[PDB]
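Note: the block below is upload.cif and it holds mmCIF, N, CA, C and O atoms.
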data_target
#
loop_
_atom_site.label_atom_id
_atom_site.label_comp_id
_atom_site.auth_asym_id
_atom_site.auth_seq_id
_atom_site.Cartn_x
_atom_site.Cartn_y
_atom_site.Cartn_z
N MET P 1 0.79 -1.28 0.00
CA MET P 1 0.00 0.00 0.00
C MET P 1 0.80 1.31 0.00
O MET P 1 1.60 1.59 0.92
N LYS P 2 0.53 2.15 -0.99
CA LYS P 2 1.10 3.48 -1.03
C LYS P 2 0.40 4.30 0.06
O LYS P 2 -0.83 4.21 0.24
N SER P 3 1.21 5.12 0.71
CA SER P 3 0.84 5.96 1.83
C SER P 3 1.50 7.33 1.68
O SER P 3 2.62 7.42 1.18
N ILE P 4 0.87 8.37 2.18
CA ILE P 4 1.49 9.68 2.28
C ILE P 4 1.10 10.30 3.62
O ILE P 4 -0.01 10.04 4.11
N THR P 5 2.00 11.08 4.24
CA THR P 5 1.64 11.84 5.43
C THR P 5 0.83 13.09 5.02
O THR P 5 0.86 13.54 3.85
N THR P 6 0.12 13.65 5.99
CA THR P 6 -0.61 14.87 5.77
C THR P 6 0.34 16.01 5.47
O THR P 6 0.02 16.88 4.66
N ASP P 7 1.52 16.00 6.08
CA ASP P 7 2.51 17.07 5.85
C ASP P 7 2.94 17.02 4.38
O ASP P 7 3.01 18.05 3.70
N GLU P 8 3.21 15.81 3.89
CA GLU P 8 3.63 15.62 2.52
C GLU P 8 2.53 15.92 1.52
O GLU P 8 2.81 16.40 0.40
N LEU P 9 1.28 15.64 1.90
CA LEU P 9 0.15 15.96 1.03
C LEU P 9 -0.07 17.47 1.00
O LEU P 9 -0.35 18.04 -0.06
N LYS P 10 0.07 18.13 2.13
CA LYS P 10 -0.02 19.58 2.14
C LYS P 10 1.04 20.21 1.26
O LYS P 10 0.77 21.16 0.56
N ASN P 11 2.23 19.65 1.26
CA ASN P 11 3.31 20.17 0.48
C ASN P 11 2.96 20.20 -1.04
O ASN P 11 3.42 21.07 -1.78
N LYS P 12 2.07 19.28 -1.45
CA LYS P 12 1.65 19.20 -2.83
C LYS P 12 0.75 20.36 -3.29
O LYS P 12 0.67 20.65 -4.48
N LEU P 13 0.16 21.07 -2.32
CA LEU P 13 -0.53 22.33 -2.58
C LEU P 13 0.39 23.37 -3.18
O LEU P 13 -0.08 24.32 -3.82
N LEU P 14 1.71 23.23 -2.96
CA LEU P 14 2.68 24.12 -3.57
C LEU P 14 3.05 23.76 -5.02
O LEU P 14 3.79 24.52 -5.65
N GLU P 15 2.57 22.63 -5.54
CA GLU P 15 2.88 22.17 -6.90
C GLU P 15 1.91 22.72 -7.92
O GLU P 15 0.81 23.13 -7.57
N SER P 16 2.29 22.70 -9.20
CA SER P 16 1.40 23.22 -10.25
C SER P 16 0.24 22.25 -10.55
O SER P 16 -0.94 22.67 -10.57
N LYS P 17 0.53 20.96 -10.74
CA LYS P 17 -0.56 19.98 -10.93
C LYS P 17 -1.43 19.83 -9.66
O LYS P 17 -0.90 19.51 -8.61
N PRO P 18 -2.75 20.05 -9.76
CA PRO P 18 -3.65 19.88 -8.62
C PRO P 18 -3.72 18.43 -8.21
O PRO P 18 -3.65 17.56 -9.04
N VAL P 19 -3.83 18.18 -6.91
CA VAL P 19 -3.87 16.83 -6.41
C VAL P 19 -5.34 16.50 -6.23
O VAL P 19 -6.15 17.38 -5.95
N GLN P 20 -5.68 15.24 -6.48
CA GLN P 20 -7.03 14.73 -6.37
C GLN P 20 -7.14 14.08 -4.99
O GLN P 20 -6.45 13.09 -4.72
N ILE P 21 -7.95 14.69 -4.13
CA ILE P 21 -8.17 14.20 -2.78
C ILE P 21 -9.63 13.77 -2.74
O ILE P 21 -10.53 14.52 -3.20
N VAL P 22 -9.86 12.57 -2.17
CA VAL P 22 -11.18 12.00 -2.01
C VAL P 22 -11.45 11.73 -0.53
O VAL P 22 -10.71 10.99 0.13
N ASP P 23 -12.50 12.37 0.00
CA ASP P 23 -12.83 12.28 1.43
C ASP P 23 -13.94 11.26 1.49
O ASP P 23 -15.01 11.50 0.92
N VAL P 24 -13.69 10.15 2.19
CA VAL P 24 -14.61 9.00 2.17
C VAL P 24 -15.38 8.89 3.49
O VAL P 24 -16.02 7.88 3.76
N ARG P 25 -15.34 9.96 4.29
CA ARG P 25 -16.15 10.06 5.52
C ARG P 25 -17.64 10.15 5.21
O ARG P 25 -18.03 10.38 4.06
N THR P 26 -18.49 9.96 6.23
CA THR P 26 -19.91 10.12 6.06
C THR P 26 -20.23 11.60 5.83
O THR P 26 -19.38 12.47 6.10
N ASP P 27 -21.48 11.87 5.40
CA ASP P 27 -21.93 13.24 5.14
C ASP P 27 -22.00 14.03 6.42
O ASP P 27 -21.74 15.24 6.45
N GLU P 28 -22.37 13.35 7.50
CA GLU P 28 -22.38 13.97 8.81
C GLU P 28 -21.05 14.53 9.25
O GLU P 28 -20.99 15.58 9.87
N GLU P 29 -19.99 13.77 8.97
CA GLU P 29 -18.65 14.17 9.25
C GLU P 29 -18.16 15.30 8.31
O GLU P 29 -17.65 16.34 8.76
N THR P 30 -18.33 15.09 7.01
CA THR P 30 -17.84 16.07 6.07
C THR P 30 -18.54 17.39 6.17
O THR P 30 -17.96 18.41 5.77
N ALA P 31 -19.75 17.40 6.75
CA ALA P 31 -20.54 18.61 6.89
C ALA P 31 -19.85 19.57 7.84
O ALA P 31 -20.11 20.78 7.79
N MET P 32 -19.00 19.03 8.70
CA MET P 32 -18.31 19.84 9.69
C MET P 32 -17.06 20.50 9.11
O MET P 32 -16.43 21.27 9.78
N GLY P 33 -16.70 20.14 7.90
CA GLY P 33 -15.59 20.79 7.22
C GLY P 33 -14.80 19.73 6.46
O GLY P 33 -14.57 18.62 6.96
N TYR P 34 -14.39 20.05 5.26
CA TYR P 34 -13.53 19.13 4.51
C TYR P 34 -12.44 19.94 3.79
O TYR P 34 -12.48 21.19 3.74
N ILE P 35 -11.49 19.21 3.21
CA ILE P 35 -10.37 19.82 2.49
C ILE P 35 -10.88 20.48 1.19
O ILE P 35 -11.58 19.83 0.41
N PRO P 36 -10.54 21.78 0.98
CA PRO P 36 -11.08 22.48 -0.20
C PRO P 36 -10.78 21.69 -1.47
O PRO P 36 -9.67 21.17 -1.61
N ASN P 37 -11.79 21.58 -2.34
CA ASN P 37 -11.64 20.85 -3.61
C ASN P 37 -11.56 19.33 -3.50
O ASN P 37 -11.43 18.66 -4.51
N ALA P 38 -11.72 18.77 -2.32
CA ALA P 38 -11.82 17.33 -2.18
C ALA P 38 -13.11 16.79 -2.82
O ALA P 38 -14.15 17.45 -2.80
N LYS P 39 -13.04 15.61 -3.41
CA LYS P 39 -14.26 14.96 -3.91
C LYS P 39 -14.89 14.30 -2.70
O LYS P 39 -14.18 13.58 -1.96
N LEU P 40 -16.17 14.47 -2.47
CA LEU P 40 -16.80 13.90 -1.25
C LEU P 40 -17.57 12.68 -1.65
O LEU P 40 -18.66 12.79 -2.25
N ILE P 41 -17.00 11.51 -1.36
CA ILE P 41 -17.62 10.24 -1.79
C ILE P 41 -17.59 9.31 -0.63
O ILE P 41 -16.57 8.67 -0.42
N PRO P 42 -18.69 9.24 0.14
CA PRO P 42 -18.62 8.42 1.34
C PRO P 42 -18.36 6.97 0.98
O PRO P 42 -18.80 6.48 -0.09
N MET P 43 -17.63 6.29 1.85
CA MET P 43 -17.11 4.98 1.54
C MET P 43 -18.19 4.04 1.08
O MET P 43 -17.99 3.33 0.10
N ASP P 44 -19.31 4.00 1.79
CA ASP P 44 -20.40 3.08 1.39
C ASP P 44 -21.02 3.36 0.04
O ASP P 44 -21.77 2.54 -0.45
N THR P 45 -20.70 4.50 -0.58
CA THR P 45 -21.11 4.83 -1.94
C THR P 45 -20.02 4.68 -2.99
O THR P 45 -20.29 4.86 -4.18
N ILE P 46 -18.80 4.36 -2.57
CA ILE P 46 -17.69 4.24 -3.49
C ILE P 46 -17.95 3.23 -4.64
O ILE P 46 -17.65 3.56 -5.78
N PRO P 47 -18.54 2.05 -4.37
CA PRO P 47 -18.79 1.14 -5.49
C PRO P 47 -19.79 1.66 -6.51
O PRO P 47 -19.85 1.15 -7.61
N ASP P 48 -20.57 2.68 -6.15
CA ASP P 48 -21.51 3.30 -7.10
C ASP P 48 -20.91 4.51 -7.83
O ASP P 48 -21.61 5.20 -8.56
N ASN P 49 -19.62 4.75 -7.63
CA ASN P 49 -19.00 5.95 -8.11
C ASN P 49 -17.65 5.69 -8.79
O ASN P 49 -16.80 6.59 -8.87
N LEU P 50 -17.45 4.49 -9.33
CA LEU P 50 -16.19 4.17 -10.03
C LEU P 50 -15.94 5.17 -11.15
O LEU P 50 -14.77 5.52 -11.43
N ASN P 51 -17.03 5.66 -11.76
CA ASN P 51 -16.94 6.68 -12.80
C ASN P 51 -16.27 7.97 -12.36
O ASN P 51 -15.79 8.69 -13.19
N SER P 52 -16.22 8.25 -11.06
CA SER P 52 -15.49 9.43 -10.59
C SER P 52 -13.98 9.31 -10.70
O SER P 52 -13.26 10.30 -10.55
N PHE P 53 -13.47 8.10 -10.91
CA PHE P 53 -12.03 7.88 -10.94
C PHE P 53 -11.64 7.55 -12.36
O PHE P 53 -12.39 6.89 -13.07
N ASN P 54 -10.47 8.01 -12.77
CA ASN P 54 -9.93 7.53 -14.02
C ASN P 54 -8.55 6.96 -13.84
O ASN P 54 -7.87 7.22 -12.84
N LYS P 55 -8.12 6.18 -14.82
CA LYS P 55 -6.93 5.36 -14.68
C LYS P 55 -5.67 6.16 -14.90
O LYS P 55 -4.57 5.63 -14.83
N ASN P 56 -5.82 7.46 -15.16
CA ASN P 56 -4.69 8.33 -15.43
C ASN P 56 -4.15 9.08 -14.21
O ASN P 56 -3.01 9.55 -14.25
N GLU P 57 -4.95 9.21 -13.15
CA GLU P 57 -4.57 10.04 -12.02
C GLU P 57 -4.30 9.23 -10.75
O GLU P 57 -4.68 8.08 -10.63
N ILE P 58 -3.63 9.86 -9.80
CA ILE P 58 -3.41 9.28 -8.49
C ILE P 58 -4.43 9.92 -7.57
O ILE P 58 -4.62 11.14 -7.63
N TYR P 59 -5.09 9.11 -6.73
CA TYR P 59 -6.12 9.60 -5.81
C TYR P 59 -5.69 9.45 -4.37
O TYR P 59 -5.33 8.36 -3.94
N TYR P 60 -5.74 10.53 -3.61
CA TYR P 60 -5.29 10.50 -2.22
C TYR P 60 -6.53 10.38 -1.37
O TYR P 60 -7.35 11.27 -1.40
N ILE P 61 -6.63 9.30 -0.58
CA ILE P 61 -7.85 8.93 0.11
C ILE P 61 -7.74 9.27 1.58
O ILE P 61 -6.80 8.82 2.27
N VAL P 62 -8.71 10.05 2.06
CA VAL P 62 -8.70 10.52 3.43
C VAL P 62 -10.03 10.18 4.12
O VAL P 62 -11.13 10.31 3.55
N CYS P 63 -9.92 9.75 5.37
CA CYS P 63 -11.06 9.53 6.24
C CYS P 63 -10.75 10.19 7.59
O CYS P 63 -9.89 11.07 7.66
N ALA P 64 -11.45 9.81 8.65
CA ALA P 64 -11.31 10.48 9.95
C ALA P 64 -9.91 10.21 10.49
O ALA P 64 -9.27 11.08 11.07
N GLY P 65 -9.44 8.98 10.30
CA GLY P 65 -8.28 8.55 11.01
C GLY P 65 -7.37 7.63 10.25
O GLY P 65 -6.45 7.08 10.85
N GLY P 66 -7.66 7.40 8.97
CA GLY P 66 -6.78 6.61 8.12
C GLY P 66 -7.11 5.13 7.98
O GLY P 66 -6.37 4.42 7.28
N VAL P 67 -8.20 4.66 8.61
CA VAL P 67 -8.62 3.21 8.60
C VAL P 67 -9.60 2.84 7.44
O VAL P 67 -9.30 2.04 6.59
N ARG P 68 -10.77 3.49 7.38
CA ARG P 68 -11.68 3.30 6.26
C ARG P 68 -10.92 3.60 4.94
O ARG P 68 -11.13 2.94 3.91
N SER P 69 -10.03 4.60 4.97
CA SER P 69 -9.40 5.04 3.75
C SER P 69 -8.54 3.92 3.19
O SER P 69 -8.51 3.76 1.95
N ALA P 70 -7.86 3.16 4.06
CA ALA P 70 -7.04 2.04 3.61
C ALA P 70 -7.84 0.97 2.87
O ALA P 70 -7.33 0.34 1.96
N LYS P 71 -9.07 0.76 3.30
CA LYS P 71 -9.96 -0.22 2.71
C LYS P 71 -10.36 0.28 1.30
O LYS P 71 -10.43 -0.50 0.35
N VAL P 72 -10.66 1.57 1.20
CA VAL P 72 -10.98 2.15 -0.07
C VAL P 72 -9.77 2.06 -1.04
O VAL P 72 -9.94 1.78 -2.20
N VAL P 73 -8.57 2.32 -0.55
CA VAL P 73 -7.37 2.15 -1.37
C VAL P 73 -7.33 0.74 -1.94
O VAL P 73 -7.12 0.57 -3.14
N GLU P 74 -7.53 -0.28 -1.10
CA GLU P 74 -7.57 -1.66 -1.59
C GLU P 74 -8.63 -1.92 -2.66
O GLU P 74 -8.35 -2.54 -3.71
N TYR P 75 -9.83 -1.38 -2.41
CA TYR P 75 -10.96 -1.50 -3.30
C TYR P 75 -10.65 -0.86 -4.65
O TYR P 75 -10.86 -1.47 -5.72
N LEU P 76 -10.06 0.34 -4.61
CA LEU P 76 -9.75 1.05 -5.81
C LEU P 76 -8.64 0.38 -6.60
O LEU P 76 -8.72 0.30 -7.85
N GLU P 77 -7.61 -0.10 -5.93
CA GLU P 77 -6.54 -0.80 -6.63
C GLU P 77 -7.04 -2.12 -7.27
O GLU P 77 -6.53 -2.52 -8.31
N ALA P 78 -8.04 -2.77 -6.68
CA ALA P 78 -8.66 -3.97 -7.29
C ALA P 78 -9.52 -3.66 -8.55
O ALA P 78 -9.86 -4.53 -9.32
N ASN P 79 -9.80 -2.37 -8.74
CA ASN P 79 -10.52 -1.82 -9.88
C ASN P 79 -9.62 -1.02 -10.84
O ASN P 79 -10.12 -0.32 -11.73
N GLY P 80 -8.30 -1.14 -10.65
CA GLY P 80 -7.32 -0.53 -11.52
C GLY P 80 -7.10 0.97 -11.35
O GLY P 80 -6.65 1.65 -12.28
N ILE P 81 -7.38 1.47 -10.15
CA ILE P 81 -7.31 2.90 -9.88
C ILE P 81 -6.17 3.09 -8.91
O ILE P 81 -6.05 2.38 -7.91
N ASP P 82 -5.32 4.05 -9.25
CA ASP P 82 -4.11 4.32 -8.47
C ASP P 82 -4.51 5.20 -7.28
O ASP P 82 -4.91 6.35 -7.46
N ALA P 83 -4.40 4.66 -6.08
CA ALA P 83 -4.89 5.33 -4.86
C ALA P 83 -3.85 5.23 -3.80
O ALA P 83 -3.10 4.23 -3.78
N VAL P 84 -3.78 6.25 -2.93
CA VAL P 84 -2.74 6.34 -1.90
C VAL P 84 -3.45 6.66 -0.58
O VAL P 84 -4.34 7.52 -0.57
N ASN P 85 -3.10 5.96 0.49
CA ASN P 85 -3.74 6.22 1.77
C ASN P 85 -3.13 7.47 2.41
O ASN P 85 -1.90 7.61 2.44
N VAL P 86 -3.98 8.37 2.89
CA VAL P 86 -3.50 9.51 3.72
C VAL P 86 -3.37 9.11 5.22
O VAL P 86 -4.38 9.02 5.99
N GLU P 87 -2.13 8.91 5.66
CA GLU P 87 -1.83 8.43 7.00
C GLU P 87 -2.39 9.43 8.03
O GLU P 87 -2.13 10.63 7.93
N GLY P 88 -3.15 8.93 9.01
CA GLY P 88 -3.63 9.77 10.10
C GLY P 88 -4.92 10.51 9.76
O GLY P 88 -5.55 11.06 10.65
N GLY P 89 -5.36 10.43 8.51
CA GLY P 89 -6.57 11.10 8.06
C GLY P 89 -6.75 12.54 8.55
O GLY P 89 -5.78 13.29 8.75
N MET P 90 -8.01 12.93 8.79
CA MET P 90 -8.33 14.29 9.23
C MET P 90 -7.85 14.59 10.64
O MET P 90 -7.63 15.76 10.98
N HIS P 91 -7.69 13.55 11.45
CA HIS P 91 -7.05 13.69 12.75
C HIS P 91 -5.68 14.35 12.58
O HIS P 91 -5.38 15.38 13.19
N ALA P 92 -4.87 13.82 11.67
CA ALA P 92 -3.57 14.42 11.37
C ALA P 92 -3.65 15.78 10.61
O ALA P 92 -2.89 16.71 10.90
N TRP P 93 -4.54 15.87 9.62
CA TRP P 93 -4.69 17.08 8.84
C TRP P 93 -5.06 18.32 9.68
O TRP P 93 -4.59 19.42 9.42
N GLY P 94 -5.89 18.11 10.70
CA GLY P 94 -6.36 19.17 11.60
C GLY P 94 -7.67 19.75 11.13
O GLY P 94 -8.21 19.34 10.10
N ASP P 95 -8.20 20.71 11.88
CA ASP P 95 -9.47 21.36 11.52
C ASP P 95 -9.36 22.82 11.03
O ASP P 95 -10.33 23.55 11.05
N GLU P 96 -8.18 23.19 10.53
CA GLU P 96 -7.93 24.55 10.10
C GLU P 96 -7.79 24.59 8.59
O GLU P 96 -7.16 23.72 7.99
N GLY P 97 -8.38 25.62 7.98
CA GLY P 97 -8.34 25.80 6.53
C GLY P 97 -9.35 24.94 5.79
O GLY P 97 -9.21 24.73 4.60
N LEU P 98 -10.36 24.47 6.49
CA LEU P 98 -11.33 23.54 5.88
C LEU P 98 -12.48 24.32 5.27
O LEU P 98 -12.76 25.47 5.65
N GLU P 99 -13.15 23.69 4.34
CA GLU P 99 -14.31 24.27 3.70
C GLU P 99 -15.64 23.68 4.21
O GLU P 99 -15.71 22.49 4.55
N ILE P 100 -16.65 24.52 4.32
CA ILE P 100 -18.03 24.05 4.40
C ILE P 100 -18.83 24.76 3.34
O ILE P 100 -18.56 25.92 3.03
N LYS P 101 -19.82 24.10 2.75
CA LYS P 101 -20.67 24.80 1.77
C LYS P 101 -21.90 25.46 2.42
O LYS P 101 -22.56 24.87 3.28
N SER P 102 -22.20 26.70 2.03
CA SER P 102 -23.45 27.35 2.43
C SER P 102 -24.60 27.07 1.43
O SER P 102 -25.76 27.35 1.75
N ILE P 103 -24.27 26.57 0.22
CA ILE P 103 -25.25 26.09 -0.79
C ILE P 103 -24.62 24.95 -1.61
O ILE P 103 -24.43 23.84 -1.11
#

Please express what this file holds, its structure, as structure tokens.
Amino acid sequence: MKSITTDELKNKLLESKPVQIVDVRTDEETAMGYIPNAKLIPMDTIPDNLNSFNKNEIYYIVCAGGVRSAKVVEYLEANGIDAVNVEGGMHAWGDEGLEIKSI
């Protein structure tokens, strides 16, 4: 399993190519704030959303604490999608600089 720390993923915000981050937490959780521009695809809906992924990009998978996300990484790699677990999830990322939608 490919893994990245939150520090290393943040560092990618400094790069020109945008990184694809997928937040696989429940809607209840993501409603409290998520990483700007993250795709919000709760884990239990991931098998209904294979179309959101393409075989050309790397997908960084984040959950509350890095456990559900590892399962999604496995699921995605079994479907030919290049996915990387975000170690420590949102616990490590923190609650600062997050987005919530008003509409």

task: Can you check which residues of stretch 15-95 of chain P DSSP gives as strand (DSSP E or B) on the backbone and send them as a VMD selection string?
output: chain P and resid 20 to 23 34 39 to 40 58 to 62 82 to 86

6 Å contact set for residue P:80, only N, CA, C and O atoms, chain neighbours under 5 positions out, as an mmCIF file with N, CA, C and O atoms, in the coordinates of the input:
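For reference, result.cif as written:
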data_model
loop_
_atom_site.group_PDB
_atom_site.id
_atom_site.type_symbol
_atom_site.label_atom_id
_atom_site.label_comp_id
_atom_site.auth_asym_id
_atom_site.auth_seq_id
_atom_site.Cartn_x
_atom_site.Cartn_y
_atom_site.Cartn_z
ATOM 1 N N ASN P 54 -10.470 8.010 -12.770
ATOM 2 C CA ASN P 54 -9.930 7.530 -14.020
ATOM 3 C C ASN P 54 -8.550 6.960 -13.840
ATOM 4 O O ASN P 54 -7.870 7.220 -12.840
ATOM 5 N N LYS P 55 -8.120 6.180 -14.820
ATOM 6 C CA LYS P 55 -6.930 5.360 -14.680
ATOM 7 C C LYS P 55 -5.670 6.160 -14.900
ATOM 8 O O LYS P 55 -4.570 5.630 -14.830
ATOM 9 N N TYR P 75 -9.830 -1.380 -2.410
ATOM 10 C CA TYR P 75 -10.960 -1.500 -3.300
ATOM 11 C C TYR P 75 -10.650 -0.860 -4.650
ATOM 12 O O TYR P 75 -10.860 -1.470 -5.720
#

message: Report, in Å to a single decimal, how far apart atom CA of residue P:96 and atom CA of residue P:1 are.
response: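 Answer for the atom CA of residue P:1 to atom CA of residue P:96 separation: 27.7 Å.
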
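Ranking P:62, P:81, P:70, P:21 by their shortest atom-to-atom distance to residue P:38, with only N, CA, C and O atoms included, puts P:21 first.
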
Starting from the PyMOL selection byres ((chain P and resi 25-32) around 8), expand the selection into actual residues of this file and give them as a short mmCIF file (atom, residue, chain, number, x, y, z; two decimals) with N, CA, C and O atoms, in the frame of the given file.
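Output file selection.cif is given in full below:
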data_model
loop_
_atom_site.label_atom_id
_atom_site.label_comp_id
_atom_site.auth_asym_id
_atom_site.auth_seq_id
_atom_site.Cartn_x
_atom_site.Cartn_y
_atom_site.Cartn_z
N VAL P 22 -9.86 12.57 -2.17
CA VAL P 22 -11.18 12.00 -2.01
C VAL P 22 -11.45 11.73 -0.53
O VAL P 22 -10.71 10.99 0.13
N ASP P 23 -12.50 12.37 0.00
CA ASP P 23 -12.83 12.28 1.43
C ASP P 23 -13.94 11.26 1.49
O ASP P 23 -15.01 11.50 0.92
N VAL P 24 -13.69 10.15 2.19
CA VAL P 24 -14.61 9.00 2.17
C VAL P 24 -15.38 8.89 3.49
O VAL P 24 -16.02 7.88 3.76
N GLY P 33 -16.70 20.14 7.90
CA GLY P 33 -15.59 20.79 7.22
C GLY P 33 -14.80 19.73 6.46
O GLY P 33 -14.57 18.62 6.96
N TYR P 34 -14.39 20.05 5.26
CA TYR P 34 -13.53 19.13 4.51
C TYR P 34 -12.44 19.94 3.79
O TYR P 34 -12.48 21.19 3.74
N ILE P 35 -11.49 19.21 3.21
CA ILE P 35 -10.37 19.82 2.49
C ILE P 35 -10.88 20.48 1.19
O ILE P 35 -11.58 19.83 0.41
N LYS P 39 -13.04 15.61 -3.41
CA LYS P 39 -14.26 14.96 -3.91
C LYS P 39 -14.89 14.30 -2.70
O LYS P 39 -14.18 13.58 -1.96
N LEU P 40 -16.17 14.47 -2.47
CA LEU P 40 -16.80 13.90 -1.25
C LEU P 40 -17.57 12.68 -1.65
O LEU P 40 -18.66 12.79 -2.25
N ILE P 41 -17.00 11.51 -1.36
CA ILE P 41 -17.62 10.24 -1.79
C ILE P 41 -17.59 9.31 -0.63
O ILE P 41 -16.57 8.67 -0.42
N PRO P 42 -18.69 9.24 0.14
CA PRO P 42 -18.62 8.42 1.34
C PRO P 42 -18.36 6.97 0.98
O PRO P 42 -18.80 6.48 -0.09
N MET P 43 -17.63 6.29 1.85
CA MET P 43 -17.11 4.98 1.54
C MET P 43 -18.19 4.04 1.08
O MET P 43 -17.99 3.33 0.10
N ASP P 44 -19.31 4.00 1.79
CA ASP P 44 -20.40 3.08 1.39
C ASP P 44 -21.02 3.36 0.04
O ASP P 44 -21.77 2.54 -0.45
N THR P 45 -20.70 4.50 -0.58
CA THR P 45 -21.11 4.83 -1.94
C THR P 45 -20.02 4.68 -2.99
O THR P 45 -20.29 4.86 -4.18
N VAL P 62 -8.71 10.05 2.06
CA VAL P 62 -8.70 10.52 3.43
C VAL P 62 -10.03 10.18 4.12
O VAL P 62 -11.13 10.31 3.55
N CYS P 63 -9.92 9.75 5.37
CA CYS P 63 -11.06 9.53 6.24
C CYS P 63 -10.75 10.19 7.59
O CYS P 63 -9.89 11.07 7.66
N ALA P 64 -11.45 9.81 8.65
CA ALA P 64 -11.31 10.48 9.95
C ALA P 64 -9.91 10.21 10.49
O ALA P 64 -9.27 11.08 11.07
N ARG P 68 -10.77 3.49 7.38
CA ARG P 68 -11.68 3.30 6.26
C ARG P 68 -10.92 3.60 4.94
O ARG P 68 -11.13 2.94 3.91
N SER P 69 -10.03 4.60 4.97
CA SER P 69 -9.40 5.04 3.75
C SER P 69 -8.54 3.92 3.19
O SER P 69 -8.51 3.76 1.95
N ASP P 95 -8.20 20.71 11.88
CA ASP P 95 -9.47 21.36 11.52
C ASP P 95 -9.36 22.82 11.03
O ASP P 95 -10.33 23.55 11.05
N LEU P 98 -10.36 24.47 6.49
CA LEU P 98 -11.33 23.54 5.88
C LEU P 98 -12.48 24.32 5.27
O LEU P 98 -12.76 25.47 5.65
N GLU P 99 -13.15 23.69 4.34
CA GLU P 99 -14.31 24.27 3.70
C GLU P 99 -15.64 23.68 4.21
O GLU P 99 -15.71 22.49 4.55
N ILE P 100 -16.65 24.52 4.32
CA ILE P 100 -18.03 24.05 4.40
C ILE P 100 -18.83 24.76 3.34
O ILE P 100 -18.56 25.92 3.03
N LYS P 101 -19.82 24.10 2.75
CA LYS P 101 -20.67 24.80 1.77
C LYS P 101 -21.90 25.46 2.42
O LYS P 101 -22.56 24.87 3.28
#

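Atom O of residue P:72 lies 18.2 Å from atom N of residue P:91.
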
task: Write out as a PyMOL selection string the residues lying within 8 Å of stretch 7-16 of chain P, counting only N, CA, C and O atoms and excluding same-chain residues fewer than 6 positions away.
output: chain P and resi 86-87+92-93

Box in all listed atoms of stretch 58-73 of chain P, axis-aligned, with 5 Å more on each side; write out centre and edge lengths in Å to one decimal as JSON.
{"center_x": -7.5, "center_y": 5.4, "center_z": 0.6, "size_x": 18.3, "size_y": 21.8, "size_z": 30.9}

- request: Kindly give the distance, in Å, that separates atom CA of residue P:49 and atom O of residue P:89, rounded to a single decimal.
  value: 22.6 Å

DSSP on the backbone: what in stretch 34-69 of chain P comes out helix (DSSP H, G or I), as a PDB file with N, CA, C and O atoms, keeping the file's coordinate frame?
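Printed below is selection_0.pdb as written:
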ATOM      1  N   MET P  43     -17.630   6.290   1.850  1.00  0.00           N
ATOM      2  CA  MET P  43     -17.110   4.980   1.540  1.00  0.00           C
ATOM      3  C   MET P  43     -18.190   4.040   1.080  1.00  0.00           C
ATOM      4  O   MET P  43     -17.990   3.330   0.100  1.00  0.00           O
ATOM      5  N   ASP P  44     -19.310   4.000   1.790  1.00  0.00           N
ATOM      6  CA  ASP P  44     -20.400   3.080   1.390  1.00  0.00           C
ATOM      7  C   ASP P  44     -21.020   3.360   0.040  1.00  0.00           C
ATOM      8  O   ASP P  44     -21.770   2.540  -0.450  1.00  0.00           O
ATOM      9  N   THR P  45     -20.700   4.500  -0.580  1.00  0.00           N
ATOM     10  CA  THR P  45     -21.110   4.830  -1.940  1.00  0.00           C
ATOM     11  C   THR P  45     -20.020   4.680  -2.990  1.00  0.00           C
ATOM     12  O   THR P  45     -20.290   4.860  -4.180  1.00  0.00           O
ATOM     13  N   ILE P  46     -18.800   4.360  -2.570  1.00  0.00           N
ATOM     14  CA  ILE P  46     -17.690   4.240  -3.490  1.00  0.00           C
ATOM     15  C   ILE P  46     -17.950   3.230  -4.640  1.00  0.00           C
ATOM     16  O   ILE P  46     -17.650   3.560  -5.780  1.00  0.00           O
ATOM     17  N   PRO P  47     -18.540   2.050  -4.370  1.00  0.00           N
ATOM     18  CA  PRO P  47     -18.790   1.140  -5.490  1.00  0.00           C
ATOM     19  C   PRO P  47     -19.790   1.660  -6.510  1.00  0.00           C
ATOM     20  O   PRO P  47     -19.850   1.150  -7.610  1.00  0.00           O
ATOM     21  N   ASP P  48     -20.570   2.680  -6.150  1.00  0.00           N
ATOM     22  CA  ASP P  48     -21.510   3.300  -7.100  1.00  0.00           C
ATOM     23  C   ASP P  48     -20.910   4.510  -7.830  1.00  0.00           C
ATOM     24  O   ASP P  48     -21.610   5.200  -8.560  1.00  0.00           O
ATOM     25  N   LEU P  50     -17.450   4.490  -9.330  1.00  0.00           N
ATOM     26  CA  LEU P  50     -16.190   4.170 -10.030  1.00  0.00           C
ATOM     27  C   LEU P  50     -15.940   5.170 -11.150  1.00  0.00           C
ATOM     28  O   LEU P  50     -14.770   5.520 -11.430  1.00  0.00           O
ATOM     29  N   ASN P  51     -17.030   5.660 -11.760  1.00  0.00           N
ATOM     30  CA  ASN P  51     -16.940   6.680 -12.800  1.00  0.00           C
ATOM     31  C   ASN P  51     -16.270   7.970 -12.360  1.00  0.00           C
ATOM     32  O   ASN P  51     -15.790   8.690 -13.190  1.00  0.00           O
ATOM     33  N   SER P  52     -16.220   8.250 -11.060  1.00  0.00           N
ATOM     34  CA  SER P  52     -15.490   9.430 -10.590  1.00  0.00           C
ATOM     35  C   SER P  52     -13.980   9.310 -10.700  1.00  0.00           C
ATOM     36  O   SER P  52     -13.260  10.300 -10.550  1.00  0.00           O
ATOM     37  N   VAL P  67      -8.200   4.660   8.610  1.00  0.00           N
ATOM     38  CA  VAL P  67      -8.620   3.210   8.600  1.00  0.00           C
ATOM     39  C   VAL P  67      -9.600   2.840   7.440  1.00  0.00           C
ATOM     40  O   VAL P  67      -9.300   2.040   6.590  1.00  0.00           O
ATOM     41  N   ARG P  68     -10.770   3.490   7.380  1.00  0.00           N
ATOM     42  CA  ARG P  68     -11.680   3.300   6.260  1.00  0.00           C
ATOM     43  C   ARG P  68     -10.920   3.600   4.940  1.00  0.00           C
ATOM     44  O   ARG P  68     -11.130   2.940   3.910  1.00  0.00           O
ATOM     45  N   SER P  69     -10.030   4.600   4.970  1.00  0.00           N
ATOM     46  CA  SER P  69      -9.400   5.040   3.750  1.00  0.00           C
ATOM     47  C   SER P  69      -8.540   3.920   3.190  1.00  0.00           C
ATOM     48  O   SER P  69      -8.510   3.760   1.950  1.00  0.00           O
TER      49      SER P  69
END
